[PDB]
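A.B. asks: I am attaching a structure below and will ask some questions about it afterwards.
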Amino acid sequence: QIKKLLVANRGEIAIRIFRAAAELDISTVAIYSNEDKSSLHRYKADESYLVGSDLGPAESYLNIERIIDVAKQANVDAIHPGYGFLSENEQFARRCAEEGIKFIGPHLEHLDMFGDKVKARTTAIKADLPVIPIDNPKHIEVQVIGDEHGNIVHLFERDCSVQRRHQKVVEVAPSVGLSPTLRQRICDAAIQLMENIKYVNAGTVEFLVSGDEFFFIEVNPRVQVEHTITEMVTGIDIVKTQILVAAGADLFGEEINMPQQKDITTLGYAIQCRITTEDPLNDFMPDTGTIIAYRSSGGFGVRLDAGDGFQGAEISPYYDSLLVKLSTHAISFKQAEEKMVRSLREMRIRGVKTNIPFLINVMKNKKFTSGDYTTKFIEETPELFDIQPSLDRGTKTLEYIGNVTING
Amino acid sequence: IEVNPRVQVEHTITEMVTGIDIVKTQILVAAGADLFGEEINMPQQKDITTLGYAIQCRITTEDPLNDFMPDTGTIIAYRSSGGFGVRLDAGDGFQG
């Protein structure tokens, strides 16, 4: 029934929802702030509105009442919150229902359980899942999608072990090195939990792995950044599915066309990382300014999700930095790693320092290439911060010619 | 009907459902590498399957408005897109 969708978000994910929505012949509505006046997502929808006349920085995409007003005036049926803003916000979800706008995600009582780190454990132990009663851990996450009609499936797992601190860096789907029996139990735990609470829409279940053992951590009651990696290996459009799930449709019907859990398998491996302005040379402080040159990769198995990565782009410090979200997909993990490297090396960003060289080394290192690696992979790798200089030739030649042409 | 003793323009459509990089495999076969080794990583014939469906469409300078005639001209604007399983193999159209 959903005919007009609004995205309560910015960047690559908004563009993602908009494209998905358009494939379903749904009109799109963007929301933008003053400093996002030339963000690509603003121009990528059927409609865009300045949320908050005088609103500040990151509070623009958090301002519940102005968003809902923009939704009311434009006749919006459903709001997709993407991730990382009002995604896990019960209040916004309530005010959506109360005003007749379908909140794209799980129900009010779903965001309640998993919003509080203390309440989630009670739910976890009621469905008989292992909890913290803790060394050498692997961070494993299971994707799930269920409809409003009781049909629930999982889209296998995602290795999330590569992380520097509390920041995820590199994800893999499915697991390399992790046994088939382990795989199944962790999946079956995730489906036991969500099928107990009668879960609706896309959700992620965060676990931990020691050897032949796992522990429940948290539940992300929305879409994740790393979703695409799972799409590539299972062939299933998660985002598009969400829109269909909030539209009532049965996942085994004409709209979603979900293959029965038995018929769901993985094809090859997929890897993802984010291209940010973070400088390995400079404590990972996000760099700001204007990009003067932007060239991107592509090709078979390479998937680009641009955020602030374009030619004219002006980088505002007020948001979590993200230029391009880059994923690769090949029959083998070895092959999947190589595409990533080349794509990373084929890139070119100038006028701002990037995290590319750091990422290059990560994919190049064999403690990652082996498939066996823990959350302390970065901790145990000091050489991962090797100083590759990176000179900029062409630019200097363009300046010389430019100067002599105009000034003699 | 016939045999095409090379890669076809439409190769990607098969790569997307089977998950094999055909072009890559060509190079490796020419390099002398094994079909089922840790190099080509090809699955067994029984394990080789399709995932979903793939379509390929041709975009040319010619048109139904002009009896399919390849025109010259400068391309004033080029506009790509993107998406899961949306490949734009850029060729004759890049910029001005």
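In the structure tokens, each chain is lettered A, B, ... as it comes, each chain's residues begin at 1, and ligands are numbered from 1 in order of appearance.
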Per residue of chain A within 10 Å of chain B, record the nearest atom pair and its distance in Å to one decimal, counting only C-alpha atoms, with rows in chain order and ascending residue number, as CSV.
C.D. replies:
residue,atom,partner,partner_atom,distance
A:15,CA,B:83,CA,9.8
A:16,CA,B:83,CA,7.6
A:19,CA,B:83,CA,7.7
A:20,CA,B:83,CA,8.5
A:228,CA,B:84,CA,7.4
A:229,CA,B:84,CA,9.7
A:231,CA,B:84,CA,7.3
A:232,CA,B:84,CA,7.1
A:233,CA,B:19,CA,8.9
A:234,CA,B:51,CA,7.9
A:235,CA,B:51,CA,6.6
A:236,CA,B:52,CA,8.8
A:237,CA,B:84,CA,7.5
A:264,CA,B:51,CA,9.8
A:265,CA,B:51,CA,9.2
A:266,CA,B:51,CA,9.1
A:267,CA,B:19,CA,6.7
A:268,CA,B:19,CA,6.8
A:269,CA,B:19,CA,9.7
A:298,CA,B:87,CA,8.3
A:299,CA,B:89,CA,7.0
A:300,CA,B:87,CA,7.0
A:301,CA,B:16,CA,8.1
A:302,CA,B:87,CA,8.9
A:303,CA,B:84,CA,7.1
A:304,CA,B:82,CA,7.2
A:305,CA,B:82,CA,7.9
A:306,CA,B:82,CA,9.6
A:329,CA,B:19,CA,8.3
A:330,CA,B:19,CA,6.5
A:331,CA,B:19,CA,5.8
A:332,CA,B:41,CA,6.4
A:333,CA,B:41,CA,9.6
A:334,CA,B:38,CA,8.5
A:335,CA,B:39,CA,8.5
A.B. asks: For those residues, write N, CA, C and O atoms to a file as a CSV table (one decimal), in the first residue's frame.
C.D. replies:
chain,number,residue,atom,x,y,z
A,15,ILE,N,20.5,7.4,-0.3
A,15,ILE,CA,20.5,7.1,-1.8
A,15,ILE,C,20.2,5.6,-2.0
A,15,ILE,O,19.5,5.3,-3.0
A,16,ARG,N,20.6,4.8,-1.1
A,16,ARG,CA,20.3,3.3,-1.1
A,16,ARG,C,18.8,3.1,-1.0
A,16,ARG,O,18.2,2.4,-1.8
A,19,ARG,N,16.8,4.5,-4.1
A,19,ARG,CA,16.9,3.6,-5.3
A,19,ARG,C,16.0,2.4,-5.2
A,19,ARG,O,15.2,2.1,-6.1
A,20,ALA,N,16.1,1.8,-4.0
A,20,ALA,CA,15.3,0.6,-3.7
A,20,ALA,C,13.8,1.0,-3.8
A,20,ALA,O,13.0,0.3,-4.5
A,228,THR,N,25.1,-4.8,2.7
A,228,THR,CA,25.4,-5.1,1.3
A,228,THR,C,26.2,-6.4,1.2
A,228,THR,O,25.9,-7.3,0.3
A,229,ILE,N,27.2,-6.6,2.1
A,229,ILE,CA,28.0,-7.7,2.1
A,229,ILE,C,27.2,-9.1,2.1
A,229,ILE,O,27.6,-10.0,1.4
A,231,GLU,N,24.0,-9.2,1.1
A,231,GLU,CA,23.2,-9.2,-0.1
A,231,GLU,C,24.0,-9.9,-1.2
A,231,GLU,O,23.4,-10.8,-1.9
A,232,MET,N,25.3,-9.6,-1.4
A,232,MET,CA,26.1,-10.1,-2.4
A,232,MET,C,26.2,-11.7,-2.4
A,232,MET,O,26.2,-12.3,-3.5
A,233,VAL,N,26.3,-12.2,-1.2
A,233,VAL,CA,26.5,-13.7,-1.1
A,233,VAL,C,25.1,-14.5,-1.0
A,233,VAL,O,25.1,-15.7,-1.3
A,234,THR,N,24.0,-13.8,-0.7
A,234,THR,CA,22.7,-14.5,-0.6
A,234,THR,C,21.8,-14.1,-1.8
A,234,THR,O,20.8,-14.8,-2.0
A,235,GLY,N,22.2,-13.1,-2.5
A,235,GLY,CA,21.4,-12.6,-3.6
A,235,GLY,C,20.1,-11.9,-3.3
A,235,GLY,O,19.2,-11.7,-4.1
A,236,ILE,N,19.9,-11.6,-2.0
A,236,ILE,CA,18.7,-11.0,-1.5
A,236,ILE,C,18.8,-9.5,-1.1
A,236,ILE,O,19.7,-9.2,-0.3
A,237,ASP,N,17.9,-8.7,-1.6
A,237,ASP,CA,17.9,-7.3,-1.3
A,237,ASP,C,17.3,-7.0,0.0
A,237,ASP,O,16.0,-7.0,0.1
A,264,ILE,N,18.1,-21.2,1.1
A,264,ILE,CA,19.0,-20.1,1.3
A,264,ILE,C,20.4,-20.7,1.6
A,264,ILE,O,20.6,-21.4,2.5
A,265,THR,N,21.4,-20.3,0.7
A,265,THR,CA,22.8,-20.6,0.9
A,265,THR,C,23.6,-19.4,0.5
A,265,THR,O,23.1,-18.4,0.1
A,266,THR,N,25.0,-19.5,0.7
A,266,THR,CA,25.9,-18.5,0.3
A,266,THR,C,26.7,-18.8,-1.0
A,266,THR,O,27.0,-20.0,-1.2
A,267,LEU,N,26.9,-17.8,-1.8
A,267,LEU,CA,27.7,-17.9,-3.0
A,267,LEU,C,29.0,-17.1,-2.8
A,267,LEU,O,28.9,-15.9,-2.8
A,268,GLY,N,30.1,-17.7,-2.8
A,268,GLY,CA,31.4,-17.0,-2.6
A,268,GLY,C,31.5,-16.3,-1.3
A,268,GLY,O,30.7,-16.5,-0.3
A,269,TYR,N,32.4,-15.3,-1.2
A,269,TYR,CA,32.7,-14.5,-0.1
A,269,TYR,C,32.6,-13.0,-0.4
A,269,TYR,O,32.8,-12.6,-1.6
A,298,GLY,N,35.2,0.1,-9.7
A,298,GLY,CA,34.0,-0.5,-10.3
A,298,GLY,C,34.4,-1.9,-10.8
A,298,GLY,O,35.4,-2.5,-10.4
A,299,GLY,N,33.6,-2.4,-11.8
A,299,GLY,CA,33.9,-3.7,-12.4
A,299,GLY,C,33.1,-4.8,-11.7
A,299,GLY,O,32.5,-4.5,-10.6
A,300,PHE,N,33.2,-6.0,-12.2
A,300,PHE,CA,32.4,-7.1,-11.7
A,300,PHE,C,32.8,-7.4,-10.3
A,300,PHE,O,34.0,-7.5,-9.9
A,301,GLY,N,31.8,-7.6,-9.4
A,301,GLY,CA,31.9,-8.0,-8.0
A,301,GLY,C,32.3,-6.8,-7.1
A,301,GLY,O,32.4,-6.9,-5.9
A,302,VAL,N,32.5,-5.6,-7.7
A,302,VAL,CA,32.9,-4.4,-7.0
A,302,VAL,C,31.6,-3.5,-6.9
A,302,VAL,O,31.0,-3.2,-7.9
A,303,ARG,N,31.3,-3.1,-5.7
A,303,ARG,CA,30.1,-2.4,-5.4
A,303,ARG,C,30.4,-1.1,-4.7
A,303,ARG,O,30.9,-1.2,-3.6
A,304,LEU,N,30.0,0.0,-5.2
A,304,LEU,CA,30.3,1.4,-4.6
A,304,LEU,C,29.1,2.0,-4.1
A,304,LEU,O,28.1,2.2,-4.8
A,305,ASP,N,29.2,2.5,-2.8
A,305,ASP,CA,28.1,3.2,-2.2
A,305,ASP,C,28.7,4.6,-1.7
A,305,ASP,O,29.1,4.7,-0.5
A,306,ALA,N,28.6,5.6,-2.6
A,306,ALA,CA,29.2,6.9,-2.3
A,306,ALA,C,28.4,7.6,-1.2
A,306,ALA,O,27.1,7.7,-1.3
A,329,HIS,N,33.1,-8.9,-3.9
A,329,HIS,CA,32.5,-10.2,-3.9
A,329,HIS,C,33.0,-11.2,-5.0
A,329,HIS,O,33.0,-10.9,-6.2
A,330,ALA,N,33.6,-12.3,-4.6
A,330,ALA,CA,34.2,-13.3,-5.5
A,330,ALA,C,34.0,-14.7,-4.9
A,330,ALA,O,33.6,-14.9,-3.8
A,331,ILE,N,34.2,-15.7,-5.8
A,331,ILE,CA,33.9,-17.1,-5.4
A,331,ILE,C,34.7,-17.5,-4.2
A,331,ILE,O,34.3,-18.4,-3.4
A,332,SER,N,35.9,-17.0,-4.0
A,332,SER,CA,36.8,-17.3,-2.9
A,332,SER,C,37.2,-16.0,-2.2
A,332,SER,O,37.3,-15.0,-2.7
A,333,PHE,N,37.4,-16.2,-0.9
A,333,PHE,CA,37.9,-15.1,0.0
A,333,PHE,C,39.2,-14.6,-0.4
A,333,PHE,O,39.4,-13.4,-0.4
A,334,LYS,N,40.1,-15.4,-0.9
A,334,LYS,CA,41.4,-15.0,-1.5
A,334,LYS,C,41.2,-14.1,-2.6
A,334,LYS,O,41.8,-13.0,-2.7
A,335,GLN,N,40.3,-14.4,-3.6
A,335,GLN,CA,39.9,-13.6,-4.7
A,335,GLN,C,39.1,-12.3,-4.2
A,335,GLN,O,39.3,-11.3,-4.8
A.B. asks: Can you tell me, as an NGL selection string, which residues in segment 73-187 of chain A count as strand (DSSP E or B) by DSSP?
C.D. replies: :A and (78-80 or 102-103 or 138-146 or 152-163 or 168-173)
A.B. asks: Output C-alpha atoms of each residue in that selection to a file, as a compact mmCIF listing (two decimals), in the first residue's frame.
C.D. replies:
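What follows is the written file result-v6.txt:
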# COMPACT_ATOMS: atom_id res chain seq x y z
CA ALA A 78 6.29 5.35 5.51
CA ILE A 79 9.54 6.61 7.02
CA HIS A 80 12.77 4.64 6.67
CA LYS A 102 4.48 3.44 8.97
CA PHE A 103 7.83 3.25 10.78
CA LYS A 138 35.69 -13.36 17.29
CA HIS A 139 32.78 -10.95 16.65
CA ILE A 140 30.01 -12.74 14.73
CA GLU A 141 26.66 -11.24 13.67
CA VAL A 142 23.57 -12.91 12.18
CA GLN A 143 21.17 -11.12 9.86
CA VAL A 144 17.46 -11.86 10.22
CA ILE A 145 14.27 -10.72 8.48
CA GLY A 146 10.70 -11.50 9.53
CA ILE A 152 11.09 -15.41 9.84
CA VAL A 153 14.43 -16.34 8.21
CA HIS A 154 18.14 -15.63 8.68
CA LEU A 155 20.49 -14.53 5.90
CA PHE A 156 23.49 -16.31 7.45
CA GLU A 157 26.33 -14.50 9.23
CA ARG A 158 28.89 -11.67 9.10
CA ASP A 159 32.39 -11.79 10.56
CA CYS A 160 32.97 -8.42 12.26
CA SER A 161 36.24 -9.24 14.03
CA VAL A 162 38.42 -6.62 12.30
CA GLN A 163 37.94 -3.53 14.50
CA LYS A 168 34.12 -1.75 13.04
CA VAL A 169 36.63 -1.61 10.16
CA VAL A 170 36.35 -4.69 7.95
CA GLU A 171 33.48 -7.18 7.77
CA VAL A 172 33.33 -10.58 6.00
CA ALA A 173 30.35 -12.71 4.92
A.B. asks: Would you give me, as a list in words, the residues in chain B that DSSP reads as helix (DSSP H, G or I)?
C.D. replies: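 Of chain B, the ones in helix (DSSP H, G or I) are residues 11, 12, 13, 14, 15, 16, 17, 18, 22, 23, 24, 25, 26, 27, 28, 29, 30, 31, 64, 65 and 66 of chain B.
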A.B. asks: Could you write those residues out with N, CA, C and O atoms, as an mmCIF file, in the first residue's frame?
C.D. replies:
data_model
loop_
_atom_site.group_PDB
_atom_site.id
_atom_site.type_symbol
_atom_site.label_atom_id
_atom_site.label_comp_id
_atom_site.auth_asym_id
_atom_site.auth_seq_id
_atom_site.Cartn_x
_atom_site.Cartn_y
_atom_site.Cartn_z
ATOM 1 N N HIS B 11 29.088 -11.945 -21.154
ATOM 2 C CA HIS B 11 29.686 -12.829 -20.144
ATOM 3 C C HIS B 11 29.264 -12.534 -18.689
ATOM 4 O O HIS B 11 29.073 -13.457 -17.900
ATOM 5 N N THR B 12 29.122 -11.254 -18.351
ATOM 6 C CA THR B 12 28.861 -10.815 -16.979
ATOM 7 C C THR B 12 27.561 -11.388 -16.410
ATOM 8 O O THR B 12 27.479 -11.738 -15.232
ATOM 9 N N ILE B 13 26.554 -11.480 -17.268
ATOM 10 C CA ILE B 13 25.248 -12.009 -16.915
ATOM 11 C C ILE B 13 25.382 -13.405 -16.290
ATOM 12 O O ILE B 13 24.635 -13.768 -15.376
ATOM 13 N N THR B 14 26.353 -14.169 -16.787
ATOM 14 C CA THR B 14 26.610 -15.524 -16.323
ATOM 15 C C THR B 14 27.456 -15.496 -15.052
ATOM 16 O O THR B 14 27.221 -16.269 -14.125
ATOM 17 N N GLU B 15 28.421 -14.582 -15.017
ATOM 18 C CA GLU B 15 29.258 -14.344 -13.844
ATOM 19 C C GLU B 15 28.460 -13.962 -12.602
ATOM 20 O O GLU B 15 28.852 -14.291 -11.489
ATOM 21 N N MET B 16 27.354 -13.249 -12.797
ATOM 22 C CA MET B 16 26.564 -12.734 -11.681
ATOM 23 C C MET B 16 25.699 -13.803 -11.024
ATOM 24 O O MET B 16 25.546 -13.815 -9.799
ATOM 25 N N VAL B 17 25.142 -14.701 -11.836
ATOM 26 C CA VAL B 17 24.349 -15.819 -11.318
ATOM 27 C C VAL B 17 25.208 -16.992 -10.829
ATOM 28 O O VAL B 17 24.824 -17.677 -9.882
ATOM 29 N N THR B 18 26.360 -17.222 -11.464
ATOM 30 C CA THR B 18 27.243 -18.329 -11.068
ATOM 31 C C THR B 18 28.294 -17.902 -10.046
ATOM 32 O O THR B 18 28.790 -18.728 -9.277
ATOM 33 N N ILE B 22 34.914 -14.823 -15.011
ATOM 34 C CA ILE B 22 35.289 -15.514 -16.244
ATOM 35 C C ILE B 22 36.594 -14.978 -16.831
ATOM 36 O O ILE B 22 37.494 -15.757 -17.168
ATOM 37 N N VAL B 23 36.688 -13.652 -16.940
ATOM 38 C CA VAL B 23 37.873 -12.982 -17.482
ATOM 39 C C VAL B 23 39.113 -13.334 -16.664
ATOM 40 O O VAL B 23 40.146 -13.699 -17.221
ATOM 41 N N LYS B 24 38.994 -13.236 -15.342
ATOM 42 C CA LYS B 24 40.068 -13.608 -14.430
ATOM 43 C C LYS B 24 40.533 -15.019 -14.759
ATOM 44 O O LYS B 24 41.721 -15.253 -14.990
ATOM 45 N N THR B 25 39.576 -15.945 -14.809
ATOM 46 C CA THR B 25 39.848 -17.355 -15.067
ATOM 47 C C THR B 25 40.586 -17.567 -16.394
ATOM 48 O O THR B 25 41.471 -18.420 -16.483
ATOM 49 N N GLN B 26 40.224 -16.788 -17.412
ATOM 50 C CA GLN B 26 40.919 -16.831 -18.692
ATOM 51 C C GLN B 26 42.417 -16.638 -18.498
ATOM 52 O O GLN B 26 43.209 -17.493 -18.901
ATOM 53 N N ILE B 27 42.790 -15.520 -17.868
ATOM 54 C CA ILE B 27 44.189 -15.178 -17.592
ATOM 55 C C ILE B 27 44.902 -16.343 -16.911
ATOM 56 O O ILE B 27 45.994 -16.745 -17.327
ATOM 57 N N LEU B 28 44.268 -16.881 -15.871
ATOM 58 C CA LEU B 28 44.854 -17.944 -15.058
ATOM 59 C C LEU B 28 45.056 -19.241 -15.843
ATOM 60 O O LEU B 28 46.084 -19.903 -15.691
ATOM 61 N N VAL B 29 44.079 -19.589 -16.680
ATOM 62 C CA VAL B 29 44.182 -20.752 -17.571
ATOM 63 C C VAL B 29 45.356 -20.579 -18.538
ATOM 64 O O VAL B 29 46.134 -21.508 -18.744
ATOM 65 N N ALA B 30 45.483 -19.378 -19.106
ATOM 66 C CA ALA B 30 46.612 -19.026 -19.970
ATOM 67 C C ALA B 30 47.938 -19.062 -19.203
ATOM 68 O O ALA B 30 48.984 -19.396 -19.769
ATOM 69 N N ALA B 31 47.878 -18.725 -17.915
ATOM 70 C CA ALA B 31 49.032 -18.807 -17.017
ATOM 71 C C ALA B 31 49.417 -20.253 -16.698
ATOM 72 O O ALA B 31 50.510 -20.508 -16.193
ATOM 73 N N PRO B 64 15.426 3.749 -32.739
ATOM 74 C CA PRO B 64 14.219 3.419 -33.512
ATOM 75 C C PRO B 64 13.631 4.628 -34.248
ATOM 76 O O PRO B 64 12.825 4.460 -35.166
ATOM 77 N N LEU B 65 14.033 5.827 -33.832
ATOM 78 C CA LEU B 65 13.628 7.079 -34.474
ATOM 79 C C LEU B 65 14.323 7.287 -35.822
ATOM 80 O O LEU B 65 13.802 7.991 -36.693
ATOM 81 N N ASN B 66 15.498 6.675 -35.982
ATOM 82 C CA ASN B 66 16.308 6.828 -37.195
ATOM 83 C C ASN B 66 16.792 5.488 -37.775
ATOM 84 O O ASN B 66 17.980 5.316 -38.068
#
A.B. asks: With only C-alpha atoms as the basis for distance, which of A:238, A:271, A:341, A:190 is at the shortest distance from residue 258 of chain A?
C.D. replies: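 The answer is A:238, which sits nearest to residue 258 of chain A.
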A.B. asks: In terms of the shortest atom-to-atom distance over only C-alpha atoms, which of B:37, B:95, B:60, B:45 is closest to residue 78 of chain B?
C.D. replies: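 Of all the options, B:95 lies closest to residue 78 of chain B.
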A.B. asks: Write out as a PyMOL selection string which residues come within 12 Å of residue 116 of chain A when counting only C-alpha atoms, dropping same-chain ones fewer than 5 positions away.
C.D. replies: chain A and resi 88-90+109-111+121-123+218-221
A.B. asks: Quick one: residues within 7 Å of residue 289 of chain A, only C-alpha atoms counted, chain neighbours fewer than 2 positions away excluded, as a PyMOL selection string?
C.D. replies: chain A and resi 291+314-315+351-352
A.B. asks: With C-alpha atoms kept, could you save the residues just selected as an mmCIF file, in the first residue's frame?
C.D. replies:
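Printed below is again.cif as written:
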data_model
loop_
_atom_site.group_PDB
_atom_site.id
_atom_site.type_symbol
_atom_site.label_atom_id
_atom_site.label_comp_id
_atom_site.auth_asym_id
_atom_site.auth_seq_id
_atom_site.Cartn_x
_atom_site.Cartn_y
_atom_site.Cartn_z
ATOM 1 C CA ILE A 291 38.094 17.279 -2.534
ATOM 2 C CA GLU A 314 32.839 20.065 0.746
ATOM 3 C CA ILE A 315 33.446 18.038 3.918
ATOM 4 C CA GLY A 351 42.734 17.715 -0.851
ATOM 5 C CA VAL A 352 41.996 15.558 2.204
#
A.B. asks: Rounded to one decimal place, report the atom CA of residue 147 of chain A-atom CA of residue 198 of chain A distance in Å.
C.D. replies: 9.1 Å
A.B. asks: Would you mind reading off the distance between atom CA of residue 47 of chain A and atom CA of residue 94 of chain A, one decimal, in Å?
C.D. replies: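 That distance, rounded to one decimal, is 24.3 Å.
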A.B. asks: Find, counting only C-alpha atoms, the residue in A:45, A:134, A:249, A:64 that gets nearest to residue 27 of chain A.
C.D. replies: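 Going through A:45, A:134, A:249, A:64 one by one, the smallest distance to residue 27 of chain A is for A:45.
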